[PDB]
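Colleague: The sequence isn't on hand, but the structure is:
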Ligand SMILES: CCCC[C@H](NC(=O)[C@H](C)NC(=O)[C@H](CCC(=O)O)NC(=O)[C@H](Cc1ccccc1)NC[C@H](CC(C)C)NC(=O)[C@@H](NC(=O)[C@@H](N)CCCNC(N)=[NH2+])C(C)C)C(N)=O
């Protein structure tokens, strides 16, 4: 599809059996998902942006469905104010910026 | 042009007559630039991100060239870890996310 930017680009994702809404963010290197009991091993991590850093748990090899497209990669889980799909996943679904 | 996301989507912008580099960011409502002198009246504002809130100066109706495409609108200047071109200006140059 083609997403215009008049409003935040929100899509439905399916992660670990749960369907959610996440922001497609070209300025995010990583994918950050809201607090959730995901099964599996994880590593403690810290990520930053505007305002500072937050503590997250890093899960690798996660499978996620972005608007009907499958991708597999690292997902960071923590108290983020919003679910964010970073470039790590965006590249796997062939997303581009056009103008 | 068509920009893939294997690398950060960085472009050269010009503001106040000074060249700069910035990140095309679909997950930002606004355009934030690192602290600099910009001619004009500005107002105190607060914006938030992944790590919290930061104080910025709001500059209304500023002229800016992004990758050679002209935009005129609000630019916020503050302690950002990276220069960011948000949706308010991305819409002005006709940018859309595609996949
Ligand atoms: C229109 C009026 C707005 C008023 C104002 N609005 C806001 O603050 C809105 C919600 N904020 C935003 O849109 C802000 C950007 C600032 C702005 O646009 O104003 N967006 C953001 O901060 C979004 C996340 C987000 C989006 C929506 C809601 C909440 C959070 N992140 C943008 C950000 C860009 C980065 C280069 C600094 N990316 C990140 O923070 C990601 N982090 C990373 O990718 C790290 N690996 C690297 C960080 C440093 N980068 C670098 N050196 N290149 C991500 C994994 C957290 C508020 N006061 O009410």
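Modeller: Perfect, I can see it now. Residues are numbered from 1 along each chain as shown, chains lettered A, B, ... in the order given.
Colleague: Next up, the contacts around the residue in chain A that the ligand sits nearest to.
Modeller: Nearest residue of chain A to the ligand, counting by C-beta to the nearest ligand atom: residue A:49, 2.0 Å away. In this view, the C-beta of every residue, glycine as well, is placed from N, C-alpha and C. Residue A:49 sits next to A:28, B:49, B:50, B:51, B:81 when contact means C-beta atoms under 8 Å, 6 or more residues apart in numbering or on different chains.
Colleague: Equivalent analysis for residue A:98, please.
Modeller: Taking C-beta under 8 Å, 6+ apart, we find residue A:98 in contact with B:1, B:2, B:3, B:95, B:96, B:98.
Colleague: By neighbours, which of those residues wins?
Modeller: residue B:95 (24 neighbours; other C-beta atoms under 10 Å in any protein chain shown).
Colleague: My guess is that one contacts residue B:2. True?
Modeller: No - using C-beta atoms under 8 Å, residue B:95 is not in contact with residue B:2; the gap is 10.8 Å.
Colleague: Mutual contacts of those two, please.
Modeller: A:97, A:98.
Colleague: Now do the helices in chain A.
Modeller: For chain A, the helices defined by DSSP state H cover A:87-90.
Colleague: Spell out which residues of it are next to chain B.
Modeller: Listed as neighbours of chain B in chain A under the rule C-beta under 8 Å from any C-beta of the partner chain: A:1-6, A:8-9, A:23-29, A:32, A:47-54, A:67, A:69, A:80-81, A:84, A:87, A:90-91, A:93-99.
Colleague: Mark which of the residues you listed are buried, thanks.
Modeller: A:3, A:5, A:8-9, A:23-28, A:32, A:47, A:49-51, A:54, A:67, A:80, A:84, A:87, A:90-91, A:93, A:95-97, A:99 (16 or more other C-beta atoms under 10 Å in any protein chain shown).
Colleague: Setting aside sequence-adjacent positions, which residue approaches residue A:41 most closely?
Modeller: Using C-beta to C-beta, 6 or more residues apart in numbering or on different chains and skipping residues adjacent in sequence, the residue nearest residue A:41 is residue A:59, 7.6 Å away.
Colleague: Contacts only, for that neighbour.
Modeller: Taking C-beta under 8 Å, 6+ apart, one finds A:38, A:40, A:41, A:42, A:74, A:75, A:76, A:77 in contact with residue A:59.
Colleague: beta partners of it?
Modeller: Taking DSSP bridges as the rule, residue A:59 bridges to residue A:75.
Colleague: gap between it and residue A:88?
Modeller: Separation of residue A:59 from residue A:88 (C-beta to C-beta, to the nearest Å): 12 Å.
Colleague: Any chance you could list residues touching both of these two?
Modeller: Applying C-beta under 8 Å, 6+ apart, one finds that residue A:59 and residue A:88 are jointly contacted by residue A:74.
Colleague: need the contact list for whichever residue of chain A sits closest to chain B.
Modeller: Among all residues of chain A, residue A:50 sits closest to chain B, at 2.4 Å; criterion: C-beta to the nearest C-beta. When contacts are counted by C-beta under 8 Å, 6+ apart, residue A:50 is found next to B:32, B:47, B:48, B:49, B:50, B:51, B:52, B:54, B:80, B:81.
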